[PDB]
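Novice: experimental structure below, sequence on top.
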Amino acid sequence: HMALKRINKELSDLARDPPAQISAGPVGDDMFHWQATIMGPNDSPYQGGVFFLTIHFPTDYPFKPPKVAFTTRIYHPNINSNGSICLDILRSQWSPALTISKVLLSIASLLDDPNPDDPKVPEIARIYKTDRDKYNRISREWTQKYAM
Amino acid sequence: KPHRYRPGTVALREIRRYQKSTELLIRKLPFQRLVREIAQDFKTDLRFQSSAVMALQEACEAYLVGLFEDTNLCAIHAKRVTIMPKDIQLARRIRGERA
Amino acid sequence: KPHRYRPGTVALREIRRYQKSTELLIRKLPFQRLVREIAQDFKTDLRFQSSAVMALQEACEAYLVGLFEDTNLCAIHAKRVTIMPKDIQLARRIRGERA
Amino acid sequence: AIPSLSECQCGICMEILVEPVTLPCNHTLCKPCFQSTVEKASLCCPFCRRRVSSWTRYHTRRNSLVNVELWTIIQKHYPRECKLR
Amino acid sequence: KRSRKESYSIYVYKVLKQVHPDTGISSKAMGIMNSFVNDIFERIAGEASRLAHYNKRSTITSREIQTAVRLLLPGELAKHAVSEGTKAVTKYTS
Amino acid sequence: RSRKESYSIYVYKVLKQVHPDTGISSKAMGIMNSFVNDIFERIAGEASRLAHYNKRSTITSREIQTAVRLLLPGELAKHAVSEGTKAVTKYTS
Amino acid sequence: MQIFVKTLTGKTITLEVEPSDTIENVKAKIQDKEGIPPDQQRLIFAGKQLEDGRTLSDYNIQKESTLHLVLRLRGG
Amino acid sequence: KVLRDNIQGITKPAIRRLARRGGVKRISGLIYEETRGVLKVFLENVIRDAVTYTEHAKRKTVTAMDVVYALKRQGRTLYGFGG
Amino acid sequence: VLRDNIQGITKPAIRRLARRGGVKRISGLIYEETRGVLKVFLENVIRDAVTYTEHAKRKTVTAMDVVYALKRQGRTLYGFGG
Amino acid sequence: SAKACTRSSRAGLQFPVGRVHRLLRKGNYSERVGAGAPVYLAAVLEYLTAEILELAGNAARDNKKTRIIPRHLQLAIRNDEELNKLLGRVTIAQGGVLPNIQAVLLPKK
Amino acid sequence: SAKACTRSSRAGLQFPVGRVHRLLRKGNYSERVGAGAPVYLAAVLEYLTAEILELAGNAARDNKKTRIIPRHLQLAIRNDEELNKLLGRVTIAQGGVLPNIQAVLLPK
DNA sequence: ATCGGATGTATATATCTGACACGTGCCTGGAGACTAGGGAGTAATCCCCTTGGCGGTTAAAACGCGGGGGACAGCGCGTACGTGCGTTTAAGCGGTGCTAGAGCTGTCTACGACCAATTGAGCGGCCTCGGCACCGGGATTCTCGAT
DNA sequence: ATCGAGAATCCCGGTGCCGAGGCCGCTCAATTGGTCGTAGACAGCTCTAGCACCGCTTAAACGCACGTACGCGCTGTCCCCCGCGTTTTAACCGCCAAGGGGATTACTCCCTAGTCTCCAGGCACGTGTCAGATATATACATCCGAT
Ligand SMILES: [Zn+2]
Ligand SMILES: [Zn+2]
């Protein structure tokens, strides 16, 4: 119903104005399933890394938040091993007016600098906040071992 | 030639008679119909046990009797004998029901 | 030649002033002494926390304010502007405090 | 009072409003979105992000939500969108 | 050091920040909020307990809490509170 | 069928003990049942509250005594406390 | 010697360990070979957890010993 | 099978009898409408809670227990019907 | 031992209470009735407060006891605990 | 006592004690229930019931009847002072009201 | 919702679900407590607190102050009809009364 | 000041019926014996804060006086309500018939209680800086006697 | 109808203080993970009581006509709270000082919940009978016009 039309305007607006360094598209014929690709930001130790995200839209959109999952493995303080994403927008700050482009750019920003207020995993949290070099080269070796 | 009482004697006779008695003072059928109407306003297709209707009638009668006692006291306070709607309003306002 | 306000035109000013403030209106030591007297009448050799005395003052002041509001309402109902004791007992009886 | 067609449309639906209501935050959008949000969303304006439950309680019990002036303008300006909806 | 005493200070402060982003609360009003929350919680829990004991049950299911809210609160607040509670529980389960 | 309990026979016993002549009708018996249940609920609730107030997890006799003092008016409370103390003293030995 | 670690899904991974090896290095090797975070793994052997500062010989792990892998996931 | 305007069933002599039991001697002409309004309000208040009770228990017939419990909640305990 | 402290509730205090309550003119006999009703109310509250204190085998009437007695009487109070 | 008879007989009461104990335990009033509370509660209940029954019987005898109908109970409750205060907010079915008329309404001389 | 996280965030509330659940379980209310009760209770409490606090803040802003004091709470509670009906028997400490003077007493 | 209807209320006697008191079968809840462990009583110790007091200083109470507005009593009126009677209306009582739904019974499946480890949310303690209390000055607006 | 003098109240700006919000360290309870005895959801059956209808009363409701008594308004009288100025008094703030008792911890012990087993107290049901409601016929208390 209305969710189909809303997602149609979403595809039209993202196609006419493609986001920089992030591009999404329909993984299959079913309209709710999506595949997106993101490139590692320049001001990050994620250089040379391309990441794929799968997106599921609930029946009521944007009246309920959508779901996103990491196809690949990325070493981030706010990301689980299996691919979960911990952002206050996805579960606490979701609003119908909010759109799909800015959640992707917010994920990119989080990849640029993580948020240590609500650590998904404490181990990586104090790896990040105890010393910079630790996190830097471990995230490096992670992005060469998996992304490349 | 006909014998008619002074206005205010048979009223006192009624006061004395009714206070001694204890039967219900409202007809059963109209009250039952009113209760059914008020109930069907909220939810449709209700069935009422007889005890429920009797209890509701008892509660309504007791409440009205108490309110009338308080209204009479207010009216006598205002140096009158007749009860008036403003007296009922004042009694309810003091009791805190209307708020 | 001297300037004097008409009777009753400064009472309204007091009403406007006191309904705007929030502080207590009964002096602390007399009320504390009265509370201690009543308590020692009940049971001797007692000690009171200051918060208990403050709570007692707040409750007593609120109760008296409400009672005086209802008394003024009754006095107005009797076509008067002065509150008399009979208003106080009428309001108390209607509220159910003495019956 | 906007003659423009595009600005009139609902910020969420992307078509012409049906029986609109005006929020205290001076935001205008169609009622079904408000019903859906109050049942499921955070009961706050998506942009303003300040609770409006107290205003909704005051306006709802007397059905003050309906706005006649904004009602008349939308069909007198754009009838066919109302008819197709 | 004195013993710990639980209170609803942090949660009420968070809700206040959510409503008004730049307004603080005094200590006395803070205590008044704490007492009000405790009073309403006691009222709802007691009503739910009596209502669940009336039907020869043993568990305080969310149905009992919903009915207790619908009984205690006035006309509009009851409807809004029921809507909020149902939305919260539906979000929680899924 | 199912069994429903009541305080009917005990009230009748008390009536025979006090007035060995007068009988009691059905509706008066129901009224006495309701009164007994209401008083029981009031006293039990007050005792439970007092027990919870001092972080106590049990209801001893003194909680019941304090609840009786709190609830009933003066003379009734004094007589009830005397009767309860007598019953407890006689029962314990 | 060589040991086996059985995951929660029943998968068994072979590990090349020595009694004198350090726990952190072994966990890093497990992370490299599998992707599971080093310290997020919980190793169960005869009902006793494994400490980072302890050695393999302290808990008496012999050859062809089977350990249990536990995942500790928080958040979401 | 709906019902209409049955508040007129509380006749003028009925309200007069209730007032006489109350202990009034003279009754004004406008008392009856006020009494009818007050009675309707009180009945609505009690019936709402009774219907809530009977709806929670997944039933379809209000009983004496529901009305008694509603009255007890409202602050007017009623004896003579169980509970 | 103390006696005759009810006079501490002076006439201006009752006058101020009436002024807050919304009273324009006060008769001369109000004060005695006000003192009587205040004494009755205070006795009623203090009885329950002292009973609560004596039950817990204490000797000081904390504010918690007073607020609890007020809640029992039907005059719930917020601010001092509970 | 002898600890050989029934609990109600042992305590010298007429109201049941075991039933009161079960009601206290299953009534969700406390996690634990002492062994002396039900005796006290039964004693208080019996005393109050005895007083009301005595007053109702006296009222019935003064009316020349051998059965306590609800009217006699209502008269006994209202006429008494403390019992009226205890049950101020209680409505007795078919209880009527106390007879009284304000002095002003009485006929003039 | 996805499991393996704090309960208060799964429902999107700010009041503590776990504390309410413990209070229900050990509060001598019933033998067993369902798993859906504490979430509902916490949501209701949060809604009521937000409703009070919004009006309190509005009154404080209207009174030129930026800190909520009990007088603002009294004003907010008594000015609203529904909340006044709910808190009919409750006295707020140091709140005063609403400004109201009878029409008859006003000068002619 | 009573007198004589005239009405209504209370009192004495037969009567007959349905509700109350009592006996019966029995079964489910109450009672008796044994165990275990946690909740409560009790001893010893800390330091919080509550009672007591003293000096000043000043806001609040006590007192008295002129008087003006309000409480209270008396009188007139005309309109609304009580009282009674003939007439129309539907409550009440009995009897019948239909069935929706309360109430009970048997299965078993999923929701919730208990138990152990563990660690992060929340609580106690400290600190500092800005909002509010307060003071002094001026501008604004009710108020009343005199026109 | 108003002009004007006098007094209370609001606006504004500057100065100072303390408590409210944020930060840091830490102890305990909330979360996860698993297991297990049972609460109640559901389907099926039973039969009670609620709903609907009909007929015949006969008590209660209705509308009308008349009289009268009382609610209300007007007038007057007087007296008692009110507003204001002066004097007496203790409330209140700040300070110091002691020790009573609330609050805490550790130890022990005994009270009660749980379990099993057995048995009689109280409940559903059925039956006999007299307490009281009803009808009929007098004795008396009380009301009302008028002496
Ligand atoms: Zn829309
Ligand atoms: Zn907005």
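Specialist: Thanks, I have it. Numbering: from 1, shown residues only, chains lettered A, B, ... in the order given. Ligands and ions are numbered 1, 2, ... in the order given.
Novice: list the buried residues for the helix or strand containing residue H:50?
Specialist: Assessed by DSSP states H and E, residue H:50 sits inside helix H:31-56. Residues of helix H:31-56 classed as buried: H:31-32, H:34-36, H:38-39, H:42-43, H:46-56 (neighbour count, 16 or more other C-beta atoms under 10 Å in any protein chain shown). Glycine gets a C-beta too; all of them are placed from N, C-alpha and C.
Novice: do the same with stretch E:1-15
Specialist: Of the residues in stretch E:1-15, E:8, E:11-13, E:15 count as buried by neighbour count, 16+ other C-beta under 10 Å.
Novice: which one of those is nearest to residue D:1?
Specialist: residue E:15 (37.4 Å; C-beta to C-beta).
Novice: what strand or helix carries that closest one?
Specialist: Using DSSP H and E, residue E:15 falls in helix E:9-19.
Novice: show me what that helix is packed up against.
Specialist: strand E:24-25, helix E:27-54, helix K:37-62 (3 or more C-beta pairs under 8 Å, 6 or more residues apart in numbering or on different chains; DSSP states H and E).
Novice: is that helix in proximity to DNA strand L?
Specialist: Yes - using C-beta under 7 Å from any atom of the strand, helix E:9-19 reaches DNA strand L at E:9-10.
Novice: what's in contact with that helix?
Specialist: Outside helix E:9-19, the residues within contact range by C-beta atoms under 8 Å, 6 or more residues apart in numbering or on different chains are D:50-51, E:23-25, E:30, E:33-34, E:37, K:14-16, K:46, K:49-50, K:53-54, K:57, K:68.
Novice: what of stretch D:39-59?
Specialist: A:60, A:63-64, A:95-98, D:23-25, D:27, D:37-38, D:64-65, E:18-19, E:76-77, E:80, E:83-84, E:87, K:12, K:47, K:50-51, K:54-55, K:80, K:82.
Novice: and stretch B:59-67, by the same measure?
Specialist: Contacts of stretch B:59-67 (C-beta under 8 Å, 6+ apart): B:24-26, B:31, B:88, B:91-92, H:15, H:18, H:21-22, H:35, H:38-39, H:42-43, H:46, H:67, H:71, H:76, H:78, J:91, J:97.
Novice: residues from chain E in reach of DNA strand L?
Specialist: For chain E, the contact set with DNA strand L under C-beta under 7 Å from any atom of the strand comprises E:1-7, E:9-10, E:59, E:61.
Novice: and chain D, which of the buried residues of helix H:31-56 reach it?
Specialist: Among those, no residue sits close to chain D (C-beta under 8 Å from any C-beta of the partner chain).
Novice: give me the helices and strands touching the helix holding residue H:50, please.
Specialist: helix B:28-42, helix B:50-77, helix B:85-95, helix E:27-54, helix E:62-72, helix H:12-22, strand H:61-62, helix H:64-74.
Novice: got the buried residues for the third one?
Specialist: Put plainly, it is helix B:85-95. Residues of helix B:85-95 classed as buried: B:85-94 (neighbour count, 16+ other C-beta under 10 Å).
Novice: re earlier: between the helix holding residue H:50 and helix B:28-42, how many degrees?
Specialist: Counting by axes from the mean of the first three to the mean of the last three C-alpha atoms, to 10 degrees, helix H:31-56 lies at 60 degrees to helix B:28-42.
Novice: contacting residues around the closest residue to residue H:26 other than its chain neighbours?
Specialist: Leaving out its chain neighbours, the residue that sits closest to residue H:26 by C-beta to C-beta, 6 or more residues apart in numbering or on different chains is residue B:82, at 4.3 Å. Contacts for residue B:82 (C-beta under 8 Å, 6+ apart) come out as B:75, H:26-28.
Novice: mark which of those are buried, thanks.
Specialist: B:75, H:27-28.
Novice: of all residues in chain B, which one is closest to chain A?
Specialist: Nearest to chain A in chain B, going by C-beta to the nearest C-beta, is residue B:43, at a distance of 29.7 Å.
Novice: what's the neighbour count on residue J:10?
Specialist: Here the count is done by other C-beta atoms under 10 Å in any protein chain shown, and residue J:10 has 18 residues near it.
Novice: for it, list the residues it contacts.
Specialist: F:91, J:1-3 are the contacts of residue J:10 under C-beta under 8 Å, 6+ apart.
Novice: report the buried members of those.
Specialist: Neighbour counting with 16+ other C-beta under 10 Å marks residue F:91 as buried within the contacts of residue J:10.
Novice: pull the most distant pair out of the contacts of residue J:10.
Specialist: It's F:91 and J:2 that sit farthest apart of the contacts of residue J:10, by C-beta to C-beta, at 11.3 Å.
Novice: buried stuff in stretch J:20-30?
Specialist: Applying 16+ other C-beta under 10 Å to stretch J:20-30 flags J:20-21, J:23-24, J:28-30 as buried.
Novice: of those residues, which are in range of chain A?
Specialist: Within the buried residues of stretch J:20-30, nothing lies near chain A by C-beta under 8 Å from any C-beta.
Novice: using JSON lines, lay out those together with distance to residue A:121.
Specialist: Output for the buried residues of stretch J:20-30, formatted as JSON lines (distance: C-beta to C-beta, whole Å):
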{"residue": "J:20", "distance to residue A:121": "58"}
{"residue": "J:21", "distance to residue A:121": "55"}
{"residue": "J:23", "distance to residue A:121": "54"}
{"residue": "J:24", "distance to residue A:121": "51"}
{"residue": "J:28", "distance to residue A:121": "43"}
{"residue": "J:29", "distance to residue A:121": "47"}
{"residue": "J:30", "distance to residue A:121": "45"}
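Novice: just those residues now: which is nearest chain B?
Specialist: residue J:23 (24.5 Å).
Novice: which residues touch the closest one?
Specialist: Shown in contact with residue J:23 (C-beta under 8 Å, 6+ apart): F:40, F:44.
Novice: and with 10 Å instead?
Specialist: F:5, F:37, F:40-41, F:44, J:16, J:29, J:33, J:38, J:41 (C-beta atoms under 10 Å, 6 or more residues apart in numbering or on different chains).
Novice: dump the residue contacts of the residue in chain E positioned nearest to chain F.
Specialist: Nearest to chain F, among the residues of chain E, is residue E:46, at 9.3 Å (C-beta to the nearest C-beta). Neighbouring residues of residue E:46 by C-beta under 10 Å, 6+ apart: E:68, E:72, F:45, K:27, K:29.
Novice: which residues of chain A fall in strands?
Specialist: Taking DSSP state E, the strands of chain A run over residues A:22-26, A:33-39, A:50-56, A:67-70.
Novice: the last one vs chain G: in contact?
Specialist: So the one you mean is strand A:67-70. No - against chain G, strand A:67-70 shows no contacts by C-beta under 10 Å from any C-beta of the partner chain, the least distance being 11.4 Å.
Novice: nearest spatial neighbour of whatever residue of chain H ends up closest to chain G, skipping sequence neighbours?
Specialist: Going by C-beta to the nearest C-beta, chain G is nearest to residue H:56 of chain H, at 35.8 Å. The shortest distance from residue H:56 to any non-neighbouring residue, by C-beta to C-beta, 6+ apart, is to residue E:67 (4.6 Å).
Novice: in this structure the one you found contacts residue H:58, no?
Specialist: No - assessed by C-beta atoms under 10 Å, residue E:67 is found out of contact with residue H:58, at 11.5 Å.
Novice: overlap of the contact sets of these two?
Specialist: With contacts taken as C-beta under 10 Å, 6+ apart, residue E:67 and residue H:58 have no neighbour in common.
Novice: residue A:48: how many residues sit nearby?
Specialist: Quick note: residue A:48 (other C-beta under 10 Å) scores 11 neighbours.
Novice: tell me the contacts of it?
Specialist: Residues near residue A:48 by C-beta under 10 Å, 6+ apart: A:39-40, A:140, A:143-144, A:147-148.
Novice: cool, residue A:13 as well?
Specialist: Residue A:13 touches A:99-101, D:14, counting by C-beta under 10 Å, 6+ apart.
Novice: pull the contacting residues for the closest residue to residue J:63 other than its chain neighbours.
Specialist: Among residues not flanking residue J:63 along the chain, residue J:72 sits closest, at 6.8 Å (C-beta to C-beta, 6+ apart). When contacts are counted by C-beta under 10 Å, 6+ apart, residue J:72 touches F:22, F:24-25, F:28, J:55-63, J:65, J:95.
Novice: understood, closing this out.
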